[PDB]
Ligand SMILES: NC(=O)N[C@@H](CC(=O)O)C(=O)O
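Below you will find one chain, with nothing else, as structure tokens; this is the form deposited without the ligand, and questions on how it binds or moves follow later.
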């Protein structure tokens, strides 16, 4: 059985949630990845050093004995955020990056951004101190068709922002379109992107033909096949400013399989082997390690991990569900037979 040995990977885009759900889901990340970028979209969000320090410790408390795992914390950008708080957290090694969610005029200033123009002082501060900006690049305006939201972000927000702040380092998180793949391919050394396993493995048909599949519902929404193919081609090319970010985003089963299902795939348990399957299919396994273990560190100016893990091409069955305190979590590819797993 074929063996794939790689430097220990990292996850450059992760949701760990909090409380009991955090206790459940952390082990699936800590058992495999050395570090992860931990997103700040708690309720309430992580917008202060104190909260990030506290949250970091809750994460560390939940790491099983012996796992070598370091959470890399983020600040949720809001209109009200003091640039000095951000800077202090970056300087103290508490915030590795800050995250910009979609703007909306009606958002409370404690919970997000009304527009990019309103948070120039903080963005300028990030440019100054060399702090990376992580972007969920969709516009939210009600008239705009959901499938166009990412492309429209590129024209309306990302390009003007990058033209404004020429030294700002930006990660275009979880890209899902040819439009984004091309934009990132054609960008400079200050622009990178992450790609999830579901956006490489699937397109909107897998979510909507023969049934509606809420466990494949996530944001940005799965796009038509031509976009999926662009993404696969981008990672297969060896392009070195794209890297692993799972966007593992767990919700209890009853919240996914409801009359209004929550967005997000719980893909931490199965992402890495899914990535391996994609790179193999694209005849590009030579570029798999870099994607998983080198490109991200290089973009963030952090060291590459010096231990190794092995995947083995031996069929395993994914769990049907994973028990929480009250309900259950359905993992990405639940109940399926997968091609690659971790040894």
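Residues that one form lacks are left out of the comparison. Residue numbers count along the first chain shown, from 1. Under this definition, the rigid core comprises the largest set of C-alpha atoms superposing within 1.5 Å between the forms.
The form solved in complex with the ligand is left out here; the points below concern that form.
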property	result
Heavy atom distance at most 4.5 Å to the ligand in the entry with it bound, all of 15, 41 and 218	yes
Residue 174: touches the ligand in the entry with it bound, heavy atom cutoff 4.5 angstroms	yes
Heavy atom of residue 136 within 4.5 Å of the ligand in the entry with it bound	yes
Residue 167, heavy atom within 4.5 angstroms of the ligand in the entry with it bound	no
Contact flag, residue 180 vs the ligand in the entry with it bound, heavy atom cut 4.5 Å	no
Listed residue (129, 263, 226, 212) with a non-hydrogen atom within 4.5 angstroms of the ligand in the entry with it bound	263
Position in contact with the ligand when the complex is considered in the entry with it bound, options 259, 106, 188, 163, heavy atoms within 4.5 Å	106
Interface segment, criterion being heavy atoms within 4.5 Å of the ligand in the entry with it bound, picked from 117-125, 244-252, 84-92, 150-158	244-252
In the entry with it bound: members of 304-325 within 4.5 Å of the ligand, any heavy atom	none
Core-superposed comparison between this form and the one not shown: the option from 259, 106, 188, 163 whose CA moves 2 angstroms or more	106
Outcome for the Cα pair residue 103, residue 156 in the entry with it bound, compared with this form (closer or farther; change of 3 Å or more)	farther
In the entry with it bound, whether the C-alpha atoms of residue 105 and residue 153 sit closer or farther than here (change of 3 Å or more)	closer
After core alignment, residue runs (3 or more) whose Cα moves 2 Å or more between this form and the one not shown	103-112
